[PDB]
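What follows is calculated from the coordinates using simple rules that are stated; it is not laboratory data. Using ideal geometry, Cβ is built from the backbone for each residue, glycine included, and neighbour counts are taken over all protein chains shown.
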Ligand SMILES: COc1ccc(CC(=O)O)cc1-c1ccccc1
Ligand SMILES: [Zn+2]
Ligand SMILES: [Zn+2]
C-alpha cells in the first residue's frame, strides 16, 4: 500500500521531522497508523451563545435540548471519542452474489444517469466564483494568489503520472494551500456531479438535488400517490463507515463515460484519494497534543466534494437491490452464488428500474422508498450483506414503514399539509421546535461584535419566516428578532450548511415578498398564483400539531414571554444603539 501513500507521508514526515515519532500506544485498530507530530489544540468543548437570539427566547433557557446543542466538543479529546465509536471498524465483505447484483445495478444506474448529460471537468474559475459567492474566508485569499494555482498544477502533473504528493484529508499557508488544492483537484475531476445536477429529480428520478427543503414535502406527497406498500425511511448506522471497497469500485464506473483527459484525472482522484487515503487526526497525550497520520482503503471521507453525490448513487443502487429482494427477484441462494444469473437482474432493471427509482426520494444516506408491496419490510438479506445495517434495530427485525407521508422522516424533517384561509394547500417542512431554537441560539466562533451576532440572529429569524412560519413560537420570536435588529443590517453568515438550503432569507427584502415568491409564484405545486397580502393570511399548523411538534403555546411562561416581548426587544435595541428599527409585533 506504501507505493500509493508513501509520498504524502514522506512529505509530512519531512515537514515535521522536528517532532515526528511513532507513538507505540496509538489507538488505531482498523486504520494503518504511520506516525505523529506535535500540534496546538484546535476546537472547543462548548459553543458561543448568540445573546440576541437568547435574550428574545427566554422560555427556552429552561429546555434540555436547547442546553445540549450549546455544547458539542471539537477538541482533540472530542475528535478521539467520535473516532473510536464508529470510524475504527471493519465492514464484512459482501457475498459473491451480492457483489454481482451491485455491479449489474451500478452499471445500469450510471448509464441511466448519463443518458442526457456527459461528464466534464470543472474549472479554476468555477471554484473561484464558488469560494467568492460564499465568503464575500482565507480560501478567498488563496484563490486570489497565483502561487496556489501553481502548486495545484504541480499536484495535477503527479496525478497524471498516477502519483499523489499532497492530497491529505483532515478529520501556516503551505499546509492550508495543500488542503484547498486537494479539494480543487477533487472538484476539477468530480464536481460535474453537483455542478451539472446529476442527482436532480429530473435526471436521477430518486434524487432531490437542487430541489430545496420547501419542495421535499411536496415530493414525499407525490410518492404517496404511487400505488404500493407503506413508505419506508430506514436510517443506516454511520453510512460513511459502511462504504465498502466494492462500493468504491462500483462508483468508479462513471470514469467510463468521460473524455480521456477527464478520465485520467478522475481515475487519479478515485485510486489515490478515495480507494487509498491519508488522514490527519488530532489526539491528546500526557505531554500535550499530537496529529496522527493514518490510512485505509475503504469508507468515505465525509469532508469531500464527491461525498454527497456518490452516497446518493450507492444508496439509489442499494435501495433498488432491496426492492428486487422484496419482489422475489433476489433470493438468499442468489446472494451466496458466485455464478448468479445476470438475465433476471438486467430484465428487472430494463423493464422496472426507472418506475422503481420514481418510488424513492434519496439524499445521500437519507432515503424514502415506497415499494410495490410490504415484502420490502422483511427484505433485509441484501441490505445487511451490502453493509448498510440499519441503526438501533436488531439486524433481522422487519422495518416499520408509514402509511401517512406526513409521518415520514427525511433530511432531519417531517412535512405537514396545511390548508390556507382561501382553501389552497401548502406542504411545509417541520422538526421538533427545540432543535430549531437550540440551533439559532448558537453563534459560530468568537470575537464577534454585537452587529455580527445580531445579523446571524436576523438570518435565523428570516429562515423561520420562510420555512417555519407555521410554528407560532417561531413566527413570534422571528418578529421579535427582526424588530430588535436594524432594518438595513444585512443578515451575515449561514444558518445551515445543508445542500437543501437556498438561503432566500439572506436579504433585506420584505420577508412577505420573499414568502410569496417561494410559496406561491415559484412553487410548481401551487396552481393558483394569487398573492398573500398579509402575514394574517400565512397559515399556522393546527394548535394540536404545533404542540405535538414542541410548541410552548398554552404554557404560562410562554404567555408571559409573549406579553413582555416588547421589553426584551427594547433592551436589545438600546444595546445596539440609535439605528433605524421597525416594529413587526
Ligand atoms: C433539509 O434541510 C435542512 C437539514 C438540516 C438542517 C440543520 C442544519 O444543517 O443546521 C437545516 C436544513 C434547512 C433548513 C432551512 C432551509 C433549508 C434547509
Ligand atoms: Zn494528490
Ligand atoms: Zn411538525
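Need one word for the stretch 334-493: rounded, prolate or oblate. Basis is the Cα gyration tensor (sqrt eigenvalues a ≥ b ≥ c); a/c below 1.5 gives rounded, then a/b vs b/c decides. Could you put the intermediate results ahead of the total?
On the way: a/c = 3.00, a/b = 2.20, b/c = 1.36.
The shape class here is prolate.
Determine the gain in length on full extension of the stretch residue 58-residue 30; use 0.36 nm per residue of separation and subtract their C-alpha separation, reporting nm with one decimal. Additional length available on full extension: 5.4 nm. Please list, by residue number, everything in the stretch 463-478 whose backbone N is under 14 Å from a paramagnetic label point 7 Å out along Cα→Cβ of residue 421. No residues fall inside that zone. With each label modelled as a point 7 angstrom along the Cα→C-beta vector, the residue 346-residue 86 pair spans 3.9 nm. Modelled spin-label separation between residue 3 and residue 446, with each label point placed 7 Å from Cα along the Cα-to-Cβ direction: 4.9 nm. Sequence-distant contacts, meaning Cα pairs under 8 Å at least 6 residues apart, place the relative contact order of the stretch 256-366 at 22 percent.
Checking the a/c ratio against 1.5 first, then a/b against b/c, what shape does the Cα gyration tensor give for the stretch 1-103?
oblate
Mean sequence separation of contacting Cα pairs (under 8 Å, at least six apart), scaled by the length of the stretch 386-479, corresponds to a relative contact order of 15 percent. Could you tell me what percent of the DSSP beta bridges with both partners in the chain are antiparallel, to the nearest 5? Of all bridge pairs located within the chain, approximately 90 percent are antiparallel.
Tell me, in nm to one decimal, what length is gained between residue 375 and residue 358 on full extension, where the rule is 0.36 nm per residue of separation less the Cα-Cα distance? Intermediate results must be reported in sequence, preceding the final value.
Working: separation 17, 0.36 × 17 = 6.12 nm, distance 1.83 nm.
Result for the pair: 4.3 nm of gain on full extension.
Once you reduce the stretch 125-198 and the stretch 514-585 to the center of their Cα atoms, the two points are 42 Å from each other. Residues 420, 102, arranged from fewest to most other Cβ atoms within 10 angstrom of their Cβ, appear as 420, 102. Residues 483, 200, ranked from the fewest to the most other C-beta atoms within 10 Å, line up as 200, 483. For the chain, just say rounded, prolate or oblate: build the C-alpha gyration tensor, square-root its eigenvalues into a ≥ b ≥ c, call rounded for a/c under 1.5, and beyond that prolate if a/b exceeds b/c, oblate if not. Here the chain falls in the oblate category. Inter-label distance, residue 153 to residue 564: 6.6 nm, where each label sits 7 Å from its Cα along the C-beta direction.
How would 392, 298 line up from fewest to most surrounding beta-carbon atoms within 10 angstrom?
Values: 392 6, 298 21.
Fewest-to-most ranking of 392, 298: 392, 298.
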